[PDB]
Structures are given as structure tokens and as C-alpha cells.
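Structure file start.csv with CSV, C-alpha atoms and all ligand atoms:
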chain,number,residue,atom,x,y,z
A,1,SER,CA,6.0,22.8,-33.0
A,2,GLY,CA,7.7,20.1,-30.8
A,3,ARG,CA,8.9,21.9,-27.7
A,4,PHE,CA,7.2,19.6,-25.2
A,5,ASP,CA,8.4,22.1,-22.4
A,6,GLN,CA,5.1,23.9,-23.4
A,7,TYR,CA,2.9,21.2,-21.8
A,8,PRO,CA,2.0,21.4,-18.1
A,9,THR,CA,2.4,18.5,-15.6
A,10,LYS,CA,-0.7,16.9,-14.0
A,11,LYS,CA,-1.1,14.4,-11.2
A,12,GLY,CA,-4.1,12.1,-11.4
A,13,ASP,CA,-7.5,12.0,-13.2
A,14,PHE,CA,-9.0,15.0,-11.4
A,15,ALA,CA,-5.9,17.1,-12.7
A,16,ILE,CA,-6.1,15.7,-16.2
A,17,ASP,CA,-9.9,16.5,-16.3
A,18,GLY,CA,-9.0,20.0,-15.1
A,19,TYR,CA,-6.7,20.4,-18.1
A,20,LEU,CA,-9.2,19.0,-20.6
A,21,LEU,CA,-12.2,20.9,-19.1
A,22,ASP,CA,-10.4,24.2,-19.6
A,23,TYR,CA,-11.7,25.3,-23.0
A,24,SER,CA,-10.0,28.7,-22.9
A,25,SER,CA,-7.3,27.4,-25.4
A,26,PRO,CA,-6.9,24.2,-27.5
A,27,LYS,CA,-5.3,21.2,-25.6
A,28,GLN,CA,-3.0,18.5,-27.0
A,29,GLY,CA,-1.5,16.8,-23.9
A,30,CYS,CA,0.2,16.9,-20.6
A,31,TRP,CA,3.2,15.4,-18.7
A,32,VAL,CA,1.9,13.1,-16.0
A,33,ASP,CA,3.3,12.9,-12.5
A,34,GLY,CA,2.9,9.3,-11.6
A,35,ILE,CA,4.5,6.6,-9.4
A,36,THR,CA,7.1,4.0,-10.5
A,37,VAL,CA,6.3,0.2,-10.1
A,38,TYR,CA,8.4,-2.9,-10.7
A,39,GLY,CA,7.4,-6.2,-12.2
A,40,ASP,CA,7.5,-8.5,-15.3
A,41,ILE,CA,7.0,-7.4,-18.9
A,42,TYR,CA,7.4,-9.9,-21.7
A,43,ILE,CA,9.6,-8.6,-24.5
A,44,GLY,CA,11.0,-10.8,-27.3
A,45,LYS,CA,11.6,-14.3,-25.8
A,46,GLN,CA,11.1,-13.8,-22.0
A,47,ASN,CA,9.9,-11.8,-19.0
A,48,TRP,CA,12.1,-8.9,-17.8
A,49,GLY,CA,12.1,-7.2,-14.5
A,50,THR,CA,10.8,-3.8,-15.5
A,51,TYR,CA,10.4,-0.4,-13.9
A,52,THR,CA,7.2,1.4,-15.2
A,53,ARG,CA,5.8,4.9,-14.6
A,54,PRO,CA,3.2,7.1,-16.4
A,55,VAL,CA,4.9,10.0,-18.2
A,56,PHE,CA,2.4,11.7,-20.6
A,57,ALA,CA,-1.2,11.8,-21.7
A,58,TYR,CA,-2.4,13.1,-25.0
A,59,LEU,CA,-5.4,13.3,-27.3
A,60,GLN,CA,-5.2,10.9,-30.3
A,61,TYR,CA,-7.3,11.6,-33.4
A,62,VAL,CA,-10.5,9.5,-33.9
A,63,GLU,CA,-12.5,11.4,-36.7
A,64,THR,CA,-13.9,14.6,-38.0
A,65,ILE,CA,-17.6,15.2,-38.7
A,66,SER,CA,-19.6,18.1,-40.2
A,67,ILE,CA,-23.4,18.3,-39.4
A,68,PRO,CA,-25.8,20.6,-41.1
A,69,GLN,CA,-28.1,23.2,-39.5
A,70,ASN,CA,-31.4,21.7,-38.0
A,71,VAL,CA,-29.8,18.2,-38.0
A,72,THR,CA,-29.6,16.1,-34.7
A,73,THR,CA,-28.0,12.7,-35.1
A,74,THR,CA,-26.6,9.9,-32.9
A,75,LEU,CA,-23.0,9.6,-34.2
A,76,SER,CA,-21.3,6.2,-33.9
A,77,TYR,CA,-17.5,6.1,-33.9
A,78,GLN,CA,-14.8,3.6,-33.0
A,79,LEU,CA,-12.8,4.0,-29.8
A,80,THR,CA,-10.2,1.4,-28.6
A,81,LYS,CA,-9.2,-0.3,-25.3
A,82,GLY,CA,-5.9,-1.8,-24.2
A,83,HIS,CA,-2.6,-0.8,-26.0
A,84,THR,CA,-3.1,1.8,-28.7
A,85,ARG,CA,-3.3,0.9,-32.4
A,86,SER,CA,-0.1,3.0,-33.0
A,87,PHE,CA,1.8,1.3,-30.2
A,88,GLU,CA,0.8,-2.2,-31.5
A,89,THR,CA,1.8,-1.4,-35.1
A,90,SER,CA,5.2,0.2,-33.9
A,91,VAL,CA,6.5,-2.8,-31.8
A,92,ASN,CA,8.7,-5.3,-33.7
A,93,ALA,CA,9.0,-8.0,-31.0
A,94,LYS,CA,6.5,-10.2,-29.2
A,95,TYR,CA,5.2,-8.0,-26.3
A,96,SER,CA,2.8,-8.6,-23.4
A,97,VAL,CA,2.1,-7.5,-19.8
A,98,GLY,CA,0.0,-9.1,-17.0
A,99,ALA,CA,-3.1,-7.3,-15.7
A,100,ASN,CA,-1.4,-6.6,-12.3
A,101,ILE,CA,0.8,-3.8,-13.8
A,102,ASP,CA,-2.4,-1.6,-13.3
A,103,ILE,CA,-1.2,-0.9,-9.7
A,104,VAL,CA,0.8,1.9,-11.5
A,105,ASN,CA,-2.5,3.6,-12.4
A,106,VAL,CA,-4.1,3.1,-9.0
A,107,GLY,CA,-1.0,4.5,-7.2
A,108,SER,CA,-0.9,7.5,-9.7
A,109,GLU,CA,-4.7,8.2,-9.1
A,110,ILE,CA,-5.5,7.2,-12.7
A,111,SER,CA,-8.3,4.8,-13.8
A,112,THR,CA,-8.4,3.4,-17.4
A,113,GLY,CA,-12.2,2.9,-17.2
A,114,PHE,CA,-11.8,-0.5,-18.8
A,115,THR,CA,-11.8,-4.0,-17.2
A,116,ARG,CA,-8.8,-5.6,-15.5
A,117,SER,CA,-8.3,-8.0,-18.4
A,118,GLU,CA,-8.8,-5.2,-21.1
A,119,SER,CA,-6.7,-2.2,-19.8
A,120,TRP,CA,-3.2,-3.6,-20.7
A,121,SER,CA,-4.2,-6.2,-23.4
A,122,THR,CA,-4.1,-6.0,-27.2
A,123,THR,CA,-5.9,-3.2,-29.0
A,124,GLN,CA,-9.7,-3.9,-29.2
A,125,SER,CA,-12.1,-1.6,-31.0
A,126,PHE,CA,-15.6,-0.7,-29.6
A,127,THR,CA,-18.4,1.5,-30.7
A,128,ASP,CA,-19.2,4.7,-28.8
A,129,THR,CA,-22.1,7.1,-29.5
A,130,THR,CA,-22.9,10.8,-28.9
A,131,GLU,CA,-26.1,12.6,-29.9
A,132,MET,CA,-24.9,15.7,-31.7
A,133,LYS,CA,-26.5,18.7,-33.4
A,134,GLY,CA,-25.4,20.9,-36.2
A,135,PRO,CA,-24.4,23.3,-37.6
A,136,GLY,CA,-20.6,22.7,-37.3
A,137,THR,CA,-17.5,20.8,-37.9
A,138,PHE,CA,-16.2,18.7,-34.9
A,139,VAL,CA,-13.1,16.6,-34.2
A,140,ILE,CA,-13.2,13.6,-31.9
A,141,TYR,CA,-10.2,12.5,-29.9
A,142,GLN,CA,-9.5,9.7,-27.4
A,143,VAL,CA,-7.2,10.1,-24.3
A,144,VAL,CA,-3.9,8.1,-24.5
A,145,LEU,CA,-1.9,7.2,-21.4
A,146,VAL,CA,1.8,7.0,-22.0
A,147,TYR,CA,4.3,5.1,-19.9
A,148,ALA,CA,8.1,5.0,-19.7
A,149,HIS,CA,9.8,1.6,-18.9
A,150,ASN,CA,13.2,0.3,-18.0
A,151,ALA,CA,13.2,-3.4,-18.8
A,152,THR,CA,16.3,-4.4,-16.8
A,153,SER,CA,18.9,-6.6,-18.7
A,154,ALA,CA,16.7,-6.6,-21.9
A,155,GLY,CA,18.9,-4.3,-23.9
A,156,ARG,CA,21.4,-6.9,-25.3
A,157,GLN,CA,18.6,-9.1,-26.9
A,158,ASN,CA,15.9,-6.5,-27.6
A,159,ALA,CA,17.8,-3.4,-28.9
A,160,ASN,CA,15.5,-3.4,-32.0
A,161,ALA,CA,12.2,-4.5,-30.2
A,162,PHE,CA,10.7,-0.9,-30.3
A,163,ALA,CA,10.4,2.0,-32.9
A,164,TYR,CA,12.2,4.2,-30.3
A,165,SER,CA,14.4,3.1,-27.5
A,166,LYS,CA,17.6,3.7,-25.5
A,167,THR,CA,19.9,1.1,-23.9
A,168,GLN,CA,21.9,1.9,-20.8
A,169,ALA,CA,24.8,0.0,-19.3
A,170,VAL,CA,24.6,-0.8,-15.6
A,171,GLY,CA,27.9,-2.5,-14.7
A,172,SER,CA,27.9,-5.5,-17.1
A,173,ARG,CA,24.1,-5.5,-17.6
A,174,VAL,CA,22.3,-3.6,-20.5
A,175,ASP,CA,18.9,-2.0,-19.6
A,176,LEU,CA,16.2,-1.2,-22.2
A,177,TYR,CA,14.3,2.1,-22.1
A,178,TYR,CA,11.1,2.5,-24.2
A,179,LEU,CA,7.6,4.0,-24.0
A,180,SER,CA,4.2,2.2,-24.3
A,181,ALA,CA,0.7,3.6,-24.6
A,182,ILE,CA,-2.8,2.4,-23.7
A,183,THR,CA,-6.2,4.2,-24.0
A,184,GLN,CA,-8.5,5.6,-21.3
A,185,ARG,CA,-12.3,5.4,-21.6
A,186,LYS,CA,-12.4,9.2,-22.3
A,187,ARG,CA,-13.0,11.1,-25.5
A,188,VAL,CA,-13.2,14.8,-26.3
A,189,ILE,CA,-15.3,16.5,-29.0
A,190,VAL,CA,-14.3,20.0,-30.1
A,191,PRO,CA,-15.5,22.4,-32.9
A,192,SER,CA,-12.9,22.6,-35.7
A,193,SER,CA,-12.3,26.3,-34.6
A,194,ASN,CA,-11.1,25.1,-31.1
A,195,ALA,CA,-9.0,22.3,-32.6
A,196,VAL,CA,-5.3,22.1,-33.4
A,197,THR,CA,-3.4,19.2,-35.1
A,198,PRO,CA,-3.1,16.4,-32.5
A,199,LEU,CA,0.1,14.8,-31.4
A,200,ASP,CA,0.8,11.3,-32.8
A,201,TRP,CA,2.8,8.3,-31.4
A,202,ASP,CA,5.9,9.0,-33.5
A,203,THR,CA,6.0,12.7,-32.3
A,204,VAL,CA,5.4,11.7,-28.6
A,205,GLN,CA,8.1,9.1,-28.5
A,206,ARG,CA,10.7,11.4,-30.3
A,207,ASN,CA,10.0,14.3,-27.9
A,208,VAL,CA,9.4,12.5,-24.6
A,209,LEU,CA,12.0,9.7,-24.7
A,210,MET,CA,14.6,10.7,-27.3
A,211,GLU,CA,14.8,14.5,-26.7
A,212,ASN,CA,13.5,14.8,-23.0
A,213,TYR,CA,14.7,11.8,-21.1
A,214,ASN,CA,18.3,11.1,-20.4
A,215,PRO,CA,18.9,7.5,-19.0
A,216,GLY,CA,22.4,8.5,-18.2
A,217,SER,CA,21.5,10.9,-15.4
A,218,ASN,CA,17.9,9.5,-15.0
A,219,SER,CA,16.7,13.1,-15.7
A,220,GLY,CA,15.0,15.5,-18.0
A,221,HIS,CA,11.3,16.1,-17.8
A,222,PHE,CA,10.8,13.0,-15.6
A,223,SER,CA,12.8,10.5,-13.5
A,224,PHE,CA,12.2,6.9,-12.6
A,225,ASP,CA,11.8,6.2,-8.8
A,226,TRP,CA,14.1,3.1,-8.3
A,227,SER,CA,12.7,2.7,-4.7
A,228,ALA,CA,9.8,0.8,-6.4
A,229,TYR,CA,12.1,-2.3,-6.3
A,230,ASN,CA,12.3,-2.1,-2.4
A,231,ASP,CA,8.6,-1.3,-1.9
A,232,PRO,CA,6.3,-4.4,-1.7
A,233,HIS,CA,3.2,-2.2,-2.4
A,234,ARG,CA,4.8,-1.1,-5.7
A,235,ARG,CA,5.8,-4.6,-6.9
A,236,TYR,CA,3.3,-6.5,-9.1
B,1,HG,HG,-3.3,15.6,-20.8
B,2,HG,HG,-0.2,8.4,-18.3
B,3,ZN,ZN,5.5,12.2,-8.4
B,4,ZN,ZN,4.8,2.5,-0.7

How does this structure look as C-alpha cells?
Ligand SMILES: [Hg+2]
Ligand SMILES: [Hg+2]
Ligand SMILES: [Zn+2]
Ligand SMILES: [Zn+2]
Amino acid sequence: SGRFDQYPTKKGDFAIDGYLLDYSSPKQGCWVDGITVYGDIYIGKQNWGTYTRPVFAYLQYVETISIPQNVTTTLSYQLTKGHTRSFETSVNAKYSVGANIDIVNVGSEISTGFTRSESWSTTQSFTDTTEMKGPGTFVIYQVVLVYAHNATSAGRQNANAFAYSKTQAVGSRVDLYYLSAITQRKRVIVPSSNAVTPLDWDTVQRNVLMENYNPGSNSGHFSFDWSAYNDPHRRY
């Protein structure tokens, strides 16, 4: 399907909830209107001054379950916190970010629902439960928050750090553009009849960064707000 122009744009958790609570048609994801912040991100061998903004949110597959007629059960399933399993498996270089980057979420009216030390850390699995009743086949998904980054000057040394990236020259400096993803403490359960094939990390990066963002003009479906550098409230 691709064609990410089909997805709407939402600002903050109330708007994302509005999108997900509209059961009139199956939902896969949305572009996110969020603020840009500036601060350190460790990539490869050092910290780089990085611009970060939220850009997309999507539902990533957890599991499918079929329950017979007259059966009520407490279903246990694994959700994750911190960076997504797909993001973690896709990165080639040493990668880490301090907890204070979360000002990007606060300023964008998004909350991860996880602790300060958990939200931007390594992938950590946890058990979640829902009492469910049959008959039916149901698919469980977890909300993924996607961010675009410009790690300034990182492009000469880290051009192969990520599965998908773009470098851009600024005078004699080389910037590194890439996406990252973390989870939110939010999961959706839908009958197999109200379900479509969910988006995955490879598809999201190809469409959002490679096809829909142009570092050359800082345009496409989103733009970074460079004024973050000059705003103390958006520096972490
Ligand atoms: Hg969404
Ligand atoms: Hg997001
Ligand atoms: Zn905005
Ligand atoms: Zn401000």
C-alpha cells in the first residue's frame, strides 16, 4: 500500500486517542505534529548535538488469539518499554540517549506512560493482561512513537550507524538524519474482521524518512524547527 499521504496528522495524546477510538475503519498509524528539541545523543563513539522531533505513531504487532464460545480467560502477553525491539535490532552502532530528551514528549503533549529511566532506555519486555471472552479472533498491537533526528556533524563517522539514514552537508560539516522508535504504555485489541496488516519498522523508515522527508529543503511531510537551538526551554 505505502502511500503514507493517506495517514492523518495528530497533535498530542488526546488527538492520537481520537484516532484510535474511531472504530469506523481499521487504523494503522498517523503523522505526529510535535516540537523540535536539541541535545546530546550518543552515536558510535561520542555524543552529538542532535535535533529531535516526533514524526509518526503506529501500531506494531504483538499477537493474535482465537477464543471459543462460552470461554472467558485472562490473557497474558508481552509488551515492551523503551526503544522498540525492531529499532534495537536495526541499529549497527553503539546508541544511547539520556532521560532528559523526554522534554520532546512533554512539549508535544505526549506521555510514554513509562518511568523517566525506562522511556528512552533499552528494550525491556513486561507482562500485560486483559480479561477477554470468546467467540472470536483478535489481534493485539502496541503503540510505537517515531522520532526524526538530525545528529549534527555525525555523518562523516556514522554514515552506516542506522538501517536507513541520510547525510546532509552544511558548509564543511556532515549531518546525520535518521529515525528512532520507542513504545507507549498503550495497546489496542481488535477483532480479526476490523484488522489490517500493521506497518513494520522497515516500511515506516522507508516511507517516512526515505520517501517523505527531504533534508535538502527541510521539507516533505514534516520539517525540523531549528529554533530549538536558541530556546533554553527546548534544550535538554
Ligand atoms: Hg497514530
Ligand atoms: Hg511520536
Ligand atoms: Zn507543530
Ligand atoms: Zn519555548

Considering only C-alpha atoms and all ligand atoms, tabulate each residue of chain A that lies at most 10 Å from ligand ZN 4 (chain B) along with its nearest interatomic pair and the corresponding distance in Å to one decimal; arrange the rows by chain and ascending residue number and present them as JSON lines.
{"residue": "A:35", "atom": "CA", "partner": "B:ZN4", "partner_atom": "ZN", "distance": 9.6}
{"residue": "A:37", "atom": "CA", "partner": "B:ZN4", "partner_atom": "ZN", "distance": 9.8}
{"residue": "A:107", "atom": "CA", "partner": "B:ZN4", "partner_atom": "ZN", "distance": 8.9}
{"residue": "A:227", "atom": "CA", "partner": "B:ZN4", "partner_atom": "ZN", "distance": 8.9}
{"residue": "A:228", "atom": "CA", "partner": "B:ZN4", "partner_atom": "ZN", "distance": 7.8}
{"residue": "A:230", "atom": "CA", "partner": "B:ZN4", "partner_atom": "ZN", "distance": 9.0}
{"residue": "A:231", "atom": "CA", "partner": "B:ZN4", "partner_atom": "ZN", "distance": 5.5}
{"residue": "A:232", "atom": "CA", "partner": "B:ZN4", "partner_atom": "ZN", "distance": 7.1}
{"residue": "A:233", "atom": "CA", "partner": "B:ZN4", "partner_atom": "ZN", "distance": 5.2}
{"residue": "A:234", "atom": "CA", "partner": "B:ZN4", "partner_atom": "ZN", "distance": 6.2}
{"residue": "A:235", "atom": "CA", "partner": "B:ZN4", "partner_atom": "ZN", "distance": 9.5}

Go ahead and save the picked residues with C-alpha atoms, as a tab-separated table (two decimals), keeping the file's coordinate frame.
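Saved the output as selection.tsv:
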chain	number	residue	atom	x	y	z
A	35	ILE	CA	4.50	6.60	-9.40
A	37	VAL	CA	6.30	0.20	-10.10
A	107	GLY	CA	-1.00	4.50	-7.20
A	227	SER	CA	12.70	2.70	-4.70
A	228	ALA	CA	9.80	0.80	-6.40
A	230	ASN	CA	12.30	-2.10	-2.40
A	231	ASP	CA	8.60	-1.30	-1.90
A	232	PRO	CA	6.30	-4.40	-1.70
A	233	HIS	CA	3.20	-2.20	-2.40
A	234	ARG	CA	4.80	-1.10	-5.70
A	235	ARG	CA	5.80	-4.60	-6.90

Exercise. Please check which protein, DNA or RNA residues sit within 10 Å of ligand HG 2 (chain B), counting only C-alpha atoms and all ligand atoms, and write them as a VMD selection string.
Key: chain A and resid 10 to 13 16 30 to 34 53 to 58 104 to 105 108 110 to 112 143 to 148 180 to 184

Quiz item: With distances taken over only C-alpha atoms and all ligand atoms, which of A:167, A:212, A:84, A:142 is nearest to ligand HG 1 (chain B)?
Solution: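 Result for the nearest residue to ligand HG 1 (chain B): A:142.
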
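Distance check against ligand ZN 3 (chain B) using only C-alpha atoms and all ligand atoms: of A:86, A:9, A:130, A:172, the minimum falls on A:9.
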
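The smallest atom-to-atom distance between residue 101 in chain A and any of A:29, A:2, A:39, A:220, using all atoms listed in the file, is found for A:39.
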
Exercise. Calculate how many Å separate CA of residue 1 in chain A from CA of residue 204 in chain A, rounding to one decimal.
Key: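 Distance reported for this atom pair: 12.0 Å.
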
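Minimum atom-to-atom distances from A:7, A:158, A:120, A:139 to residue 195 in chain A were compared using only C-alpha atoms, and the lowest value belongs to A:139.
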
Quiz prompt | Closest of A:199, A:176, A:132, A:159 to residue 68 in chain A - atom-to-atom distances counting all atoms listed in the file | solution =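 Answer, going by the shortest atom-to-atom distance: A:132.
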
Quiz item: Could you list as a list in words every residue that has an atom within 8 Å of (14.4, -5.4, -19.9), using the file's coordinates and counting all atoms listed in the file?
Solution: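 It turns out the residues near that spot are residues 41, 43, 47, 48, 49, 50, 150, 151, 152, 153, 154, 155, 158, 175, 176 and 177 of chain A.
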
Practice problem: For each of A:218, A:28, A:66, A:46, take the minimum atom-to-atom distance to ligand HG 1 (chain B), counting only C-alpha atoms and all ligand atoms, then give the residue where this is smallest. | Solution: A:28

Quiz item: Separation of CA of residue 187 in chain A and CA of residue 207 in chain A, in Å?
Solution: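 Taking CA of residue 187 in chain A as the start and CA of residue 207 in chain A as the end point, the length is 23.3 Å.
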
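If you look at CA of residue 163 in chain A and CA of residue 63 in chain A, they are 25.0 Å away from each other.
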
When you look at residue 138 in chain A with a cut-off of 6 Å (counting all atoms listed in the file), what residues show up, excluding the ones that are within fewer than 5 positions of it in the same chain? I need them as a CSV table (one decimal) with C-alpha atoms, keeping the file's coordinate frame.
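Output file part.csv is given in full below:
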chain,number,residue,atom,x,y,z
A,64,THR,CA,-13.9,14.6,-38.0
A,65,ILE,CA,-17.6,15.2,-38.7
A,190,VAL,CA,-14.3,20.0,-30.1
A,191,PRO,CA,-15.5,22.4,-32.9
A,192,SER,CA,-12.9,22.6,-35.7

Practice problem: Excluding residue 89 in chain A and residues on its chain fewer than 2 positions from it, collect all residues at most 12 Å away from it, counting only C-alpha atoms, and give them as a PyMOL selection string. | Solution: chain A and resi 83-87+91-95+122-123+161-163+180-181+201-202

Mind filling out range 97-114 of chain A with N, CA and C atoms and sending it as a short mmCIF file (atom, residue, chain, number, x, y, z; two decimals), in the coordinates of the input?
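Listing of out.cif after writing:
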data_model
loop_
_atom_site.label_atom_id
_atom_site.label_comp_id
_atom_site.auth_asym_id
_atom_site.auth_seq_id
_atom_site.Cartn_x
_atom_site.Cartn_y
_atom_site.Cartn_z
N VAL A 97 2.03 -7.80 -21.22
CA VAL A 97 2.10 -7.50 -19.80
C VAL A 97 0.89 -8.02 -19.08
N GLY A 98 1.11 -8.55 -17.88
CA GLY A 98 0.00 -9.10 -17.00
C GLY A 98 -0.82 -7.93 -16.51
N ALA A 99 -2.09 -8.24 -16.20
CA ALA A 99 -3.10 -7.30 -15.70
C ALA A 99 -2.63 -6.53 -14.45
N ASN A 100 -1.78 -7.15 -13.57
CA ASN A 100 -1.40 -6.60 -12.30
C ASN A 100 -0.51 -5.33 -12.37
N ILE A 101 -0.03 -4.98 -13.58
CA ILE A 101 0.80 -3.80 -13.80
C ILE A 101 -0.13 -2.55 -13.44
N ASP A 102 -1.48 -2.73 -13.52
CA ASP A 102 -2.40 -1.60 -13.30
C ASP A 102 -2.27 -0.97 -11.91
N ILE A 103 -1.51 -1.57 -10.95
CA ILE A 103 -1.20 -0.90 -9.70
C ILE A 103 -0.49 0.46 -9.97
N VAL A 104 0.16 0.60 -11.15
CA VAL A 104 0.80 1.90 -11.50
C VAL A 104 -0.22 2.98 -11.66
N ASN A 105 -1.40 2.63 -12.18
CA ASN A 105 -2.50 3.60 -12.40
C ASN A 105 -3.19 3.90 -11.09
N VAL A 106 -3.47 2.87 -10.29
CA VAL A 106 -4.10 3.10 -9.00
C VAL A 106 -3.22 3.99 -8.09
N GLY A 107 -1.91 3.73 -8.04
CA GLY A 107 -1.00 4.50 -7.20
C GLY A 107 -0.80 5.93 -7.74
N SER A 108 -1.07 6.16 -9.05
CA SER A 108 -0.90 7.50 -9.70
C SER A 108 -2.30 8.20 -9.79
N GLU A 109 -3.35 7.61 -9.17
CA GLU A 109 -4.70 8.20 -9.10
C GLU A 109 -5.32 8.31 -10.54
N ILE A 110 -5.02 7.33 -11.38
CA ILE A 110 -5.50 7.20 -12.70
C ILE A 110 -6.31 5.94 -12.84
N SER A 111 -7.44 5.97 -13.55
CA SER A 111 -8.30 4.80 -13.80
C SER A 111 -8.45 4.73 -15.33
N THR A 112 -8.25 3.54 -15.95
CA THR A 112 -8.40 3.40 -17.40
C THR A 112 -9.91 3.47 -17.79
N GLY A 113 -10.79 2.99 -16.92
CA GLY A 113 -12.20 2.90 -17.20
C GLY A 113 -12.58 1.66 -17.97
N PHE A 114 -11.58 0.78 -18.17
CA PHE A 114 -11.80 -0.50 -18.80
C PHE A 114 -11.56 -1.64 -17.80
#
